[PDB]
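What follows is one structure encoded as C-alpha cells, with my remarks underneath.
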Amino acid sequence: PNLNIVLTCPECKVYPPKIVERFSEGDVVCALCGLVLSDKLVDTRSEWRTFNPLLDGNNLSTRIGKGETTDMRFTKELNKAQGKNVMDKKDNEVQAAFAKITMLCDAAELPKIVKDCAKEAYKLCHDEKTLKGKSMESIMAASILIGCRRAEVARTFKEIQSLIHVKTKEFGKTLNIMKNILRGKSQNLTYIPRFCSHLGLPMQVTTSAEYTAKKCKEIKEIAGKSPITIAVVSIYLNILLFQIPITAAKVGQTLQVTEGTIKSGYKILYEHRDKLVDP
Amino acid sequence: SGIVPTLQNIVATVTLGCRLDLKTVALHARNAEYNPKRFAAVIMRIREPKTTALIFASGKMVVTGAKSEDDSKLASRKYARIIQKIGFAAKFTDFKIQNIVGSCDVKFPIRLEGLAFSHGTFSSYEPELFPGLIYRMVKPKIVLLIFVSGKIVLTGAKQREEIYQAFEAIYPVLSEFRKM
Amino acid sequence: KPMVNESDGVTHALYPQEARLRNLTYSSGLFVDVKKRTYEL
Amino acid sequence: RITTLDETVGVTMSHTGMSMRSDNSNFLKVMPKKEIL
Ligand SMILES: [Zn+2]
C-alpha cells in the first residue's frame, strides 16, 4: 500500500527529481534551485563493514558448538535436540548434495565458477517431477557437466564417466531431460589446449591445431564423428608436421583413442593437407 | 523438391480375444521362437509378407516389420489364421496401427549446429553421443532424425499424412541450413 | 618445482614477479607413491 | 633426499584429475501350485 517515499522540490516542482546526492556533507539537494532535499544521509558501505541469498534463500540458522567454560553433556543434548528437529525441513539433501558435489569438484580440480554453476543447476532442478529418481549420482554428474558447459569449459563424457559410473545411457537421458528443465526455466576448440597440455606440446602446435581444427570444421567431409577424434587427429597431424616424436601408440593410450581411428582420420586429413598450412 | 518419403516400418497391434499355453504352442507350431527366460512371448515370422509378430499368452499380438498398411493388415490376418489353425478360438479384432517409420534423402549436406542453435526449443544435438539431430515437431507431433549426409528419418506417426506433412514442414528448414 | 594451474586448465611454471602481479600463491605440487595391498588372513 | 620430478608438469597434472583412464587395478571392486505344494 504505497509506502514509496519520493523526494520532490516544492519550490521547483517543474520536473521529476533530477537531484544530486552530496555524500561528504550527508545531504541530497535539488540541482536547480540549490535547495537541500534531505539531511543526515545514511550509508550502505559502513553497515556492510561488519559482514547467501542466491542459494540459501531467506532461511536463517545458527550453529551450537562447545563453549569456553561448559560441559560436554550440554553440547550433546543441544545437538540431539537439533537432530530431532532436522526433519522439520527437507533441506538436508541440499547440504549433503552440495557436500558430495563439493568433494567431486575438488577432486576434479575445477575452478570455483564451475562449482557455483553446478550448484546453481542442481538448485534449479532439485526435486522436480520429471527427474523421478536417478539415484542422486546422475543428477550430480549431469549437473557438473551442465556447470561445465555454462562456464565455457570443456570436459569429455569419458572424463566425468571416469569419475562417476553413471552407465552412460541413463546419464544421457538424465542430461537430456535436465537440459529440457533448463530450457523450461527461461565447440571443440576448447579441447585442443587441454590435450596439448596432456601431451606437453609447445604453443605453436596448440595454435596450429587450433587453425587446423577450425579449417577442418570448414572443409566438411566426415564432419566430425564426435569432435574428440577430430581433435586427436588434428593434434596428430600438427605433431607429424614437426619433429617431436610421440608415434600413434603413445598418443592413443594417453588420450584414450583408437589407433585405427587416428589413422583413418590421418588418411583423409593427409588428403586435405593442402589448405591446412597456416604459414 | 519432389522428394517423397518412403515407408520403412509399420507397427500394429491385433487382439485375438482368447488365451494360450506356451509349451504346446511352441511344440506344435512351425516357424516360431519362444523362450520364457528371455522374452515371455512367441516370435512368429511369415515369409509373405516378411513380417514379425510377438504373440503373448493373453491373446495380444504385435505385428511389425511391414513396409505398407495392406501388408501389415494382411500379414496380421495371416498370423490370426495360423492361430486359428493351431487349435484356439481366436478372432481378428482391434487392428490399430501404432507406429509408422519412413526415411528419405535431401541430396545436400545439412548444418546441424546452426539448426540446433536456431531451433533450440525443438532440437537436441549431441555429436559425441549421437551424430544425428533429434527434431521434435509440434504439429504434427513427429520425431525426426536429421543426419549430416542428408538422410532424414521420420518416426512417431499414426498415419502417412503425418509423415508427409512432417517432411513438407521440415524441407524449407533443411534447405535453409545447407552447405553445397 | 613451483607451478600454476589456471582456470582453463593449463599449468605452467611460476615466477615470483608474476606471482605478485597475478595475486597467486607461490607453491609447488606434492605427489606421493601410494601403495595398496589386499590380504585374504 | 626428495626427488624432484622434472617432466613437463602437464603429464603429471593430467594423471592427477580426470584422465579418461579408470579400472586398471583390482582393489575394493567387490508354476503349478500343486507341485510346489
Ligand atoms: Zn529544487
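In the C-alpha cells, each chain is lettered A, B, ... as it comes, each chain's residues begin at 1, and ligands are numbered from 1 in order of appearance.
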Quick one: residues within 12 Å of ligand 1, with only C-alpha atoms and all ligand atoms, as number ranges by chain? A: 7-20, 28-38
Restricting it to N, CA, C and O atoms, dump the selection as a short mmCIF file (atom, residue, chain, number, x, y, z; two decimals), in the first residue's frame.
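Result file follows (again_31.cif):
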```cif
data_model
loop_
_atom_site.label_atom_id
_atom_site.label_comp_id
_atom_site.auth_asym_id
_atom_site.auth_seq_id
_atom_site.Cartn_x
_atom_site.Cartn_y
_atom_site.Cartn_z
N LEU A 7 11.16 12.00 -3.32
CA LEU A 7 11.66 13.33 -2.99
C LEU A 7 11.39 14.29 -4.15
O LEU A 7 11.75 14.00 -5.29
N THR A 8 10.75 15.41 -3.84
CA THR A 8 10.48 16.45 -4.83
C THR A 8 10.79 17.80 -4.21
O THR A 8 10.80 17.97 -2.99
N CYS A 9 11.06 18.78 -5.07
CA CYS A 9 11.33 20.14 -4.61
C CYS A 9 10.04 20.94 -4.66
O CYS A 9 9.53 21.21 -5.76
N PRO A 10 9.48 21.36 -3.52
CA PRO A 10 8.24 22.15 -3.56
C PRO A 10 8.41 23.52 -4.18
O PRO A 10 7.42 24.12 -4.60
N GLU A 11 9.64 24.04 -4.26
CA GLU A 11 9.87 25.33 -4.89
C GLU A 11 10.01 25.22 -6.40
O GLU A 11 9.62 26.14 -7.13
N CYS A 12 10.55 24.11 -6.89
CA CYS A 12 10.77 23.92 -8.32
C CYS A 12 9.56 23.27 -8.98
O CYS A 12 8.97 23.85 -9.89
N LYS A 13 9.20 22.07 -8.53
CA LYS A 13 8.00 21.35 -8.97
C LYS A 13 7.79 21.39 -10.48
O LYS A 13 6.65 21.39 -10.96
N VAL A 14 8.88 21.43 -11.25
CA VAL A 14 8.81 21.54 -12.70
C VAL A 14 9.18 20.24 -13.40
O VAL A 14 8.91 20.11 -14.61
N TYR A 15 9.76 19.27 -12.69
CA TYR A 15 10.21 18.03 -13.29
C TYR A 15 10.35 16.99 -12.19
O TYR A 15 10.54 17.36 -11.03
N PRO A 16 10.24 15.70 -12.51
CA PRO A 16 10.57 14.66 -11.54
C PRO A 16 11.95 14.86 -10.96
O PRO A 16 12.79 15.56 -11.55
N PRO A 17 12.25 14.24 -9.80
CA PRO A 17 13.51 14.53 -9.10
C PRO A 17 14.76 14.31 -9.94
O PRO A 17 15.20 13.17 -10.14
N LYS A 18 15.33 15.40 -10.45
CA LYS A 18 16.63 15.41 -11.11
C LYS A 18 17.61 16.05 -10.13
O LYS A 18 17.98 17.22 -10.26
N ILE A 19 18.01 15.28 -9.13
CA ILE A 19 18.70 15.80 -7.96
C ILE A 19 20.14 15.28 -7.94
O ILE A 19 20.53 14.42 -8.73
N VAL A 20 20.93 15.83 -7.02
CA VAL A 20 22.30 15.39 -6.78
C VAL A 20 22.43 15.00 -5.31
O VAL A 20 21.77 15.57 -4.44
N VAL A 28 21.05 15.42 0.38
CA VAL A 28 20.62 15.32 -1.01
C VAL A 28 19.93 16.63 -1.37
O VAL A 28 19.09 17.12 -0.61
N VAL A 29 20.30 17.19 -2.52
CA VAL A 29 19.96 18.56 -2.89
C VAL A 29 19.44 18.59 -4.32
O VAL A 29 19.93 17.85 -5.18
N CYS A 30 18.45 19.44 -4.56
CA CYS A 30 17.99 19.70 -5.92
C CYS A 30 19.05 20.48 -6.69
O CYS A 30 19.54 21.51 -6.21
N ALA A 31 19.41 19.99 -7.87
CA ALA A 31 20.45 20.60 -8.68
C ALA A 31 19.97 21.83 -9.44
O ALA A 31 20.69 22.31 -10.33
N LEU A 32 18.79 22.35 -9.13
CA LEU A 32 18.26 23.53 -9.81
C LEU A 32 18.32 24.75 -8.90
O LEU A 32 19.23 25.58 -9.01
N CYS A 33 17.36 24.87 -7.98
CA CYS A 33 17.33 25.98 -7.04
C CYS A 33 18.38 25.85 -5.94
O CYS A 33 18.50 26.77 -5.12
N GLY A 34 19.12 24.75 -5.90
CA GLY A 34 20.12 24.56 -4.87
C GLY A 34 19.57 24.24 -3.50
O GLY A 34 20.34 24.21 -2.53
N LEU A 35 18.27 24.01 -3.38
CA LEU A 35 17.66 23.72 -2.09
C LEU A 35 17.90 22.27 -1.70
O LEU A 35 17.71 21.36 -2.52
N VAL A 36 18.33 22.05 -0.46
CA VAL A 36 18.57 20.70 0.02
C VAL A 36 17.24 19.95 0.10
O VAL A 36 16.19 20.54 0.39
N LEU A 37 17.28 18.65 -0.19
CA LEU A 37 16.09 17.82 -0.09
C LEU A 37 16.09 16.94 1.15
O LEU A 37 15.01 16.63 1.66
N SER A 38 17.25 16.53 1.64
CA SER A 38 17.28 15.77 2.88
C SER A 38 18.64 15.91 3.54
O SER A 38 19.67 16.04 2.86
#
```
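For chain C, the residues no farther than 10 Å from chain A when using only C-alpha atoms are residues 5, 6, 7, 8, 9, 10, 11 and 12 of chain C.
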May I ask you to extract the residues of chain C within 12 Å of chain D, using only C-alpha atoms, and to give them as a count of residues only? 23
Restrict the distance test to only C-alpha atoms, flag each residue of chain B within 10 Å of chain A, and return the flagged residues as a PyMOL selection string. chain B and resi 109+111+113+120-121+124-131+148-149+179
Write out, as a PDB file, in the first residue's frame, the residues just selected, with N, CA and C atoms.
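Writing done, so here's out31.pdb:
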```pdb
ATOM      1  N   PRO B 109      24.292 -31.588 -47.942  1.00  0.00           N
ATOM      2  CA  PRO B 109      24.628 -31.578 -46.514  1.00  0.00           C
ATOM      3  C   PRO B 109      23.775 -30.576 -45.750  1.00  0.00           C
ATOM      4  N   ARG B 111      23.450 -28.271 -42.082  1.00  0.00           N
ATOM      5  CA  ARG B 111      24.127 -27.692 -40.926  1.00  0.00           C
ATOM      6  C   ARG B 111      23.355 -28.069 -39.668  1.00  0.00           C
ATOM      7  N   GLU B 113      24.612 -27.853 -36.462  1.00  0.00           N
ATOM      8  CA  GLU B 113      24.898 -26.937 -35.361  1.00  0.00           C
ATOM      9  C   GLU B 113      24.015 -25.697 -35.438  1.00  0.00           C
ATOM     10  N   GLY B 120      16.490 -24.369 -31.120  1.00  0.00           N
ATOM     11  CA  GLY B 120      16.921 -24.981 -29.876  1.00  0.00           C
ATOM     12  C   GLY B 120      15.790 -25.523 -29.029  1.00  0.00           C
ATOM     13  N   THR B 121      14.573 -25.011 -29.214  1.00  0.00           N
ATOM     14  CA  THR B 121      13.425 -25.478 -28.447  1.00  0.00           C
ATOM     15  C   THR B 121      12.807 -26.748 -29.014  1.00  0.00           C
ATOM     16  N   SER B 124      17.724 -31.448 -30.406  1.00  0.00           N
ATOM     17  CA  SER B 124      18.592 -31.960 -29.342  1.00  0.00           C
ATOM     18  C   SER B 124      19.777 -32.646 -30.023  1.00  0.00           C
ATOM     19  N   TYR B 125      20.839 -31.880 -30.251  1.00  0.00           N
ATOM     20  CA  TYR B 125      22.006 -32.340 -30.992  1.00  0.00           C
ATOM     21  C   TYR B 125      23.171 -32.543 -30.034  1.00  0.00           C
ATOM     22  N   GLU B 126      23.674 -33.776 -29.973  1.00  0.00           N
ATOM     23  CA  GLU B 126      24.858 -34.110 -29.181  1.00  0.00           C
ATOM     24  C   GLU B 126      25.733 -35.028 -30.025  1.00  0.00           C
ATOM     25  N   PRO B 127      26.729 -34.480 -30.728  1.00  0.00           N
ATOM     26  CA  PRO B 127      27.504 -35.314 -31.663  1.00  0.00           C
ATOM     27  C   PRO B 127      28.326 -36.392 -30.979  1.00  0.00           C
ATOM     28  N   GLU B 128      28.854 -36.125 -29.781  1.00  0.00           N
ATOM     29  CA  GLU B 128      29.624 -37.138 -29.072  1.00  0.00           C
ATOM     30  C   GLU B 128      28.755 -38.283 -28.576  1.00  0.00           C
ATOM     31  N   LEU B 129      27.444 -38.072 -28.464  1.00  0.00           N
ATOM     32  CA  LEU B 129      26.509 -39.110 -28.054  1.00  0.00           C
ATOM     33  C   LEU B 129      25.711 -39.681 -29.217  1.00  0.00           C
ATOM     34  N   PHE B 130      25.333 -38.842 -30.179  1.00  0.00           N
ATOM     35  CA  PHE B 130      24.595 -39.270 -31.360  1.00  0.00           C
ATOM     36  C   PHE B 130      24.818 -38.267 -32.487  1.00  0.00           C
ATOM     37  N   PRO B 131      25.490 -38.666 -33.569  1.00  0.00           N
ATOM     38  CA  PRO B 131      25.843 -37.693 -34.619  1.00  0.00           C
ATOM     39  C   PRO B 131      24.647 -37.071 -35.316  1.00  0.00           C
ATOM     40  N   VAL B 148      23.950 -35.730 -41.227  1.00  0.00           N
ATOM     41  CA  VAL B 148      24.785 -34.809 -41.992  1.00  0.00           C
ATOM     42  C   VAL B 148      24.702 -35.086 -43.486  1.00  0.00           C
ATOM     43  N   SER B 149      24.732 -36.362 -43.883  1.00  0.00           N
ATOM     44  CA  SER B 149      24.737 -36.724 -45.296  1.00  0.00           C
ATOM     45  C   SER B 149      23.422 -36.411 -45.999  1.00  0.00           C
ATOM     46  N   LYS B 179      24.776 -26.411 -47.284  1.00  0.00           N
ATOM     47  CA  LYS B 179      26.198 -26.105 -47.393  1.00  0.00           C
ATOM     48  C   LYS B 179      26.639 -26.041 -48.851  1.00  0.00           C
TER      49      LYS B 179
END
```
May I have the residues of chain D within 7 Å of chain A, counting only C-alpha atoms, written as a PDB file with N, CA, C and O atoms, in the first residue's frame?
```pdb
ATOM      1  N   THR D   8      57.279 -32.252 -17.907  1.00  0.00           N
ATOM      2  CA  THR D   8      56.575 -31.074 -18.395  1.00  0.00           C
ATOM      3  C   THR D   8      55.314 -30.751 -17.598  1.00  0.00           C
ATOM      4  O   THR D   8      54.463 -30.006 -18.098  1.00  0.00           O
ATOM      5  N   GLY D  10      52.426 -31.001 -17.257  1.00  0.00           N
ATOM      6  CA  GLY D  10      51.128 -31.302 -17.839  1.00  0.00           C
ATOM      7  C   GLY D  10      50.815 -32.785 -17.894  1.00  0.00           C
ATOM      8  O   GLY D  10      49.645 -33.176 -17.871  1.00  0.00           O
ATOM      9  N   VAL D  11      51.846 -33.628 -17.970  1.00  0.00           N
ATOM     10  CA  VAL D  11      51.627 -35.070 -17.933  1.00  0.00           C
ATOM     11  C   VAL D  11      51.200 -35.504 -16.535  1.00  0.00           C
ATOM     12  O   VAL D  11      50.182 -36.182 -16.360  1.00  0.00           O
ATOM     13  N   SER D  14      47.967 -34.136 -15.711  1.00  0.00           N
ATOM     14  CA  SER D  14      46.935 -34.893 -16.409  1.00  0.00           C
ATOM     15  C   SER D  14      46.621 -36.190 -15.673  1.00  0.00           C
ATOM     16  O   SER D  14      45.465 -36.622 -15.631  1.00  0.00           O
ATOM     17  N   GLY D  17      43.946 -35.354 -11.961  1.00  0.00           N
ATOM     18  CA  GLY D  17      42.500 -35.390 -12.051  1.00  0.00           C
ATOM     19  C   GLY D  17      41.976 -36.360 -13.088  1.00  0.00           C
ATOM     20  O   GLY D  17      42.526 -37.450 -13.271  1.00  0.00           O
ATOM     21  N   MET D  18      40.902 -35.972 -13.774  1.00  0.00           N
ATOM     22  CA  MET D  18      40.281 -36.831 -14.773  1.00  0.00           C
ATOM     23  C   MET D  18      41.220 -37.023 -15.959  1.00  0.00           C
ATOM     24  O   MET D  18      41.649 -36.048 -16.588  1.00  0.00           O
ATOM     25  N   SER D  19      41.540 -38.283 -16.262  1.00  0.00           N
ATOM     26  CA  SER D  19      42.442 -38.616 -17.359  1.00  0.00           C
ATOM     27  C   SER D  19      41.860 -39.663 -18.299  1.00  0.00           C
ATOM     28  O   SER D  19      42.608 -40.246 -19.091  1.00  0.00           O
ATOM     29  N   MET D  20      40.549 -39.921 -18.228  1.00  0.00           N
ATOM     30  CA  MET D  20      39.872 -40.890 -19.092  1.00  0.00           C
ATOM     31  C   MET D  20      40.459 -42.292 -18.956  1.00  0.00           C
ATOM     32  O   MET D  20      40.390 -43.097 -19.888  1.00  0.00           O
ATOM     33  N   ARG D  21      41.035 -42.600 -17.795  1.00  0.00           N
ATOM     34  CA  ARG D  21      41.652 -43.900 -17.542  1.00  0.00           C
ATOM     35  C   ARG D  21      41.192 -44.395 -16.178  1.00  0.00           C
ATOM     36  O   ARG D  21      41.646 -43.893 -15.145  1.00  0.00           O
ATOM     37  N   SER D  22      40.297 -45.377 -16.175  1.00  0.00           N
ATOM     38  CA  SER D  22      39.760 -45.968 -14.958  1.00  0.00           C
ATOM     39  C   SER D  22      40.145 -47.444 -14.894  1.00  0.00           C
ATOM     40  O   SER D  22      40.786 -47.982 -15.800  1.00  0.00           O
TER      41      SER D  22
END
```
Which of chain C fall in strand (DSSP E or B), as a PyMOL selection string: chain C and resi 2-5+11-13+28
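The coordinates place CA of residue 250 (chain A) at 24.4 Å from CA of residue 272 (chain A).
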As a PyMOL selection string, list the residues of chain D assigned to helix (DSSP H, G or I) by DSSP on the backbone atoms of this structure. chain D and resi 10-16+33-36
Restricting the output to C-alpha atoms, write the selected residues as a compact mmCIF listing (two decimals), in the first residue's frame.
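part-v2.txt was written with the following content:
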```txt
# COMPACT_ATOMS: atom_id res chain seq x y z
CA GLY D 10 51.13 -31.30 -17.84
CA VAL D 11 51.63 -35.07 -17.93
CA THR D 12 51.62 -35.45 -14.14
CA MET D 13 48.83 -32.88 -13.79
CA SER D 14 46.93 -34.89 -16.41
CA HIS D 15 47.42 -38.02 -14.29
CA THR D 16 46.14 -36.12 -11.23
CA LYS D 33 0.60 -74.65 -7.36
CA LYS D 34 0.02 -78.35 -6.64
CA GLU D 35 3.58 -79.44 -7.42
CA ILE D 36 5.02 -76.56 -5.39
```
Spatial neighbours of residue 134 (chain B), 9 Å, only C-alpha atoms, chain gap at least 2 places, as a PyMOL selection string: chain B and resi 122-125+132+136+143-146
Write out as a PyMOL selection string which residues come within 12 Å of residue 161 (chain B) when counting only C-alpha atoms, dropping same-chain ones fewer than 3 positions away. chain B and resi 4-5+7+100+102+139-142+154+157-158+164-169
Can you list, as a PyMOL selection string, every protein, DNA or RNA residue that comes within 10 Å of residue 59 (chain B) when you count only C-alpha atoms, leaving out same-chain residues fewer than 5 positions away? chain B and resi 14-20+83+90-91
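CA of residue 103 (chain B) lies 23.2 Å from CA of residue 74 (chain B).
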